[PDB]
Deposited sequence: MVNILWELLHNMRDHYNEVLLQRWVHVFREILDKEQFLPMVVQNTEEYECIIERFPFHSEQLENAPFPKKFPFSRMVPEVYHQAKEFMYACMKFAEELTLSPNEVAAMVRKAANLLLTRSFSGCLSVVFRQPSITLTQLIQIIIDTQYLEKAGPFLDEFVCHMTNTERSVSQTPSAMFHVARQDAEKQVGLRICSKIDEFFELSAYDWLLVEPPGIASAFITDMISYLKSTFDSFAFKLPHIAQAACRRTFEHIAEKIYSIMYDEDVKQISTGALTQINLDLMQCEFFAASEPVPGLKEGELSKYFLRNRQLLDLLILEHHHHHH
């Protein structure tokens, strides 16, 4: 059916125009504001935000709003889209409940698919630092919480009676882990075991500091994602160390001091909410092998 395939293409195109529009607001916010939380001290700005995006107030005094400019911008764009659709559906002479039904479904499918496609494309970017990614994750949570006002908008506009920006708590973890793991891989590039005190390798120690300092920055905000990235973090460290042994007494006791540092770390509660030797078991096999290596 040529007419059906034609409708299909129009939809794919519309989705594409939306997806590429979402991507454009992301590049801009990364370039102009480096994806940082919106901070302001001037009512003629605070409300300038409160009006563009429905957010439960505060009164007190960087770091102001929990979210970056992407949130109001995206919310606004979704709103303009819904408006367009109702206006258009009304021209096709549909009744108010038919416009509210149409819009609510066609719009929440297009916005949902197109924003999802955007997120997918933006996570693939190296320009996106780990801090910015966490920002994007919480940003989408605030948009998620604004979902209701959007539905009300349709109800009000049409004078009608009563998972769009969601980020898979699973793809968020993968994206977070990859960055934490690649950063981990860089520290391991500073390993010189085949070369030349009873202390740990400076790279293990700095990695641990970076890890402690990285987990603290977003664990209180994204607890479950943090707990997840942490499990993946230690798993990956466990494998980098194993890969090391897989390739001169003084060097054998350097790997030992390095694994101990990682073992202490695992046993120090880097992130609240796994608490019992969960992280530690990632190093058992390595500790067993190492010990079996030292007995030679």
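In sequence order, the gaps in C-alpha coverage of the deposited chain fall at 1-2, 64-67, 169-175, 210-213, 265-270, 320-325.
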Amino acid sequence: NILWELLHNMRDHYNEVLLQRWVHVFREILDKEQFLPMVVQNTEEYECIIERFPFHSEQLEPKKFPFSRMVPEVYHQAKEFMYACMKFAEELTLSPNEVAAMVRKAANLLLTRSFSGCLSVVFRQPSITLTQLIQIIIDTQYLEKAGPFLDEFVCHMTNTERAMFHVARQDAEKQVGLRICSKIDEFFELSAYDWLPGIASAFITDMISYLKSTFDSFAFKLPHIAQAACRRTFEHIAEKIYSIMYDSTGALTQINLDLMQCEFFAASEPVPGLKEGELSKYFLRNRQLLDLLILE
From here on, numbers count along this sequence of modelled residues.
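Checked against the record, the higher mean CA B factor of 169-177 and 134-142 lies with 169-177. Per-stretch averaging of Cα B factors for 123-131 and 150-158 places 123-131 on top.
Among the modelled residues of its chain, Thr112 has a C-alpha B-factor that falls in the middle third according to the deposited record. Ranked by Cα temperature factor within the chain, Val17 sits in the lowest third according to the deposited record. For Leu292, the recorded CA B-factor ranks within the highest third of the chain. Only modelled residues enter the ranking. Sorting the modelled residues of the chain by their CA temperature factor places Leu274 in the highest third. Annotation for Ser268: C-alpha temperature factor in the lowest third relative to the rest of the modelled chain, per the entry.
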